[PDB]
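Single-letter residue listing:
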Amino acid sequence: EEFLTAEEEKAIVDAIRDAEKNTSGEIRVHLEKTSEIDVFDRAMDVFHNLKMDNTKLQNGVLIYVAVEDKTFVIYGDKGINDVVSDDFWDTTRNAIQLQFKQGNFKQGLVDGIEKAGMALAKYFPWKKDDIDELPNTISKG
Ligand SMILES: [Ca+2]
Ligand SMILES: [Ca+2]
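Sequence-order numbering is used: residues on each chain count from 1 as written, possibly diverging from the entry numbering, and only residues with coordinates are shown. The order in which chains are written sets their letters, starting at A; the order in which ligands are written sets their numbers, starting at 1. Hydrogens are left out, water is left out, and the side-chain values use all remaining heavy atoms of the structure. Residues with missing side-chain atoms are left out of burial classes, side-chain pairs and their counts.

Caption draft 1: Seen up close, the coordination of the calcium ion (ligand 1). Think of the donor list as every N, O and S atom within 2.8 Å of the metal, or within 3.2 Å for Na, K and Ca; water never makes the list, so a site can look incomplete. Distances from the calcium ion (ligand 1) to its protein donors, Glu26 (OE), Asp130 (OD), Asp130 (OD) and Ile131 (O), fall at 2.3 to 2.5 Å. In the primary structure, the donors to the calcium ion (ligand 1) are separated according to the pattern E-x103-D-I. A separation of 5.7 Å is found between the calcium ion (ligand 1) and the calcium ion (ligand 2), both of which receive a donor from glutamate 26. You can see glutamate 26 sitting in strand β1 (residues 26-32) and its partner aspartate 130 sitting in the loop between α5 (105-123) and β4 (139-140), a full 104 residues away along the chain. Between buried and exposed lies partly exposed: a residue is buried under 20% and exposed over 50% of the maximum accessible area for its type, with that area taken using a 1.4 Å probe on protein chains only. Look at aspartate 130 and you get partly exposed, because its relative accessible area is 28%. The way it works is that DSSP assigns letters per residue, a run of H or I at least four long becomes a helix, a run of E at least two long becomes a strand, and they are numbered from the N terminus.

This is the structure:
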């Protein structure tokens with residue numbers, strides 16, 4: 001609950017809104033204290049439980065963070081995985097890690113969100129009648 005201040009949370013939600021003007025992809029952040037040994041499986045469960053599969057193009061992506069460990073997973077839906085190459089999320093991960101290793105938690109998420117919108121834009125361009133399919137709220141567990 002104290003992971004982020006209200007001002008930091010506002011900056012993150014504003015970064016999602018800006019990223020979603022560059023792509024039809026949908027982005028959410030989920031924060032929790034501790035993860036499971038298989039972090040990918042935990043992020044997949046959270047993605048499901050947040051109903052992030054409810055996008056026309058199956059292009060939702062969850063940035064899952066385990067705050068006590070400062071570890072994270074970028075989990076994209078099937079629409080993304082069917083078209084992108086193996087290095088797709090590298091710039092997003094690097095942008096988050098660069099800031100997390102310096103203790104800049106808010107900035108890591110903002111920078112990752114911005115990078116993710118630009119990466120998704122390559123395969124999922126924003127369209128005039130875009131729908132905001134998933135809430136931009138930070139999910140807390
Ligand atoms: Ca949208
Ligand atoms: Ca959204």
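Caption draft 2: Focus on the coordination of the calcium ion (ligand 2). Binding of the calcium ion (ligand 2) to the protein goes through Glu20 (OE), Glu20 (OE), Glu26 (OE), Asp132 (OD), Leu134 (O) and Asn136 (OD1), at separations of 2.3 to 2.5 Å. A four-donor site is called tetrahedral if each angle lies between 85 and 135 degrees; a four-donor site is square planar, and a six-donor site octahedral, when trans pairs exceed 155 degrees and the remaining angles lie between 65 and 115; all other cases are labelled irregular. One way to put it: the six donor atoms around the calcium ion (ligand 2) meet at angles of 53 to 175°, and that makes the site irregular. For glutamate 20, a relative accessible area of 5% puts it in the buried group.

Caption draft 3: Representation of the layout of surface pockets within the structure. Size it by volume and the largest pocket reaches roughly 240 Å³. Method remark: on a 1 Å grid restricted to protein atoms, a set of points is classed as a cavity if a 1.4 Å probe fits but cannot get out and as a pocket if it is open with protein on both sides within 12 Å along at least five of seven lines; lining residues have an atom within 4 Å of a point. Lining the largest pocket are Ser24, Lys56, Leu57, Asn59, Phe124, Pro125, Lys127, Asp129, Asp130, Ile131 and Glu133. Per-class residue counts for the lining of the largest pocket are four nonpolar, two polar and five charged. Grid points are joined across faces, edges and corners, and a volume is the space filled by probe spheres set on the points. Throughout this entry, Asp, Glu, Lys and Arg are counted as charged residues, while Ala, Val, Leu, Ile, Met, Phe, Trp, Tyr, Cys and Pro are counted as nonpolar. The remaining residues, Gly among them, count as polar.

Caption draft 4: Examining the packing of aromatic side chains more closely. Any pair of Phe, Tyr and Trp rings, taking the six-membered ring for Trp, is counted once the centres come within 6.5 Å. Such a pair is stacked with planes under 30 degrees apart, edge-to-face with planes over 60 apart, and tilted for the rest. Taken as a whole and assessed by the stated rule, the structure comprises six aromatic pairs. Arranged with centres 5.1 Å apart and planes meeting at 55°, the rings of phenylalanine 47 and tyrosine 75 form a pair that is tilted. Pair noted here: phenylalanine 47 is in helix α2 (residues 39-49) and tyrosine 75 is in strand β3 (residues 71-76), with a separation of 28 residues, a long-range link. Residues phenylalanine 47 and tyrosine 75 agree in their burial class; the two are buried. On the basis of an interplanar angle of 75° and a centroid distance of 5.6 Å, the ring pair of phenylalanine 88 and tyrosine 123 is categorised as edge-to-face. Linking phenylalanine 88 in the loop between α3 (78-81) and α4 (90-100) with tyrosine 123 in helix α5, this pair joins segments that are 35 residues apart in sequence. Exposure remark for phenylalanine 88: the relative accessible area of 9% places this residue in the buried category. Owing to a relative accessible area of 29%, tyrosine 123 belongs among the partly exposed residues under this scheme. Grouping aromatic residues by their ring pairs yields a cluster made of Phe40, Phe47 and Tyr75.

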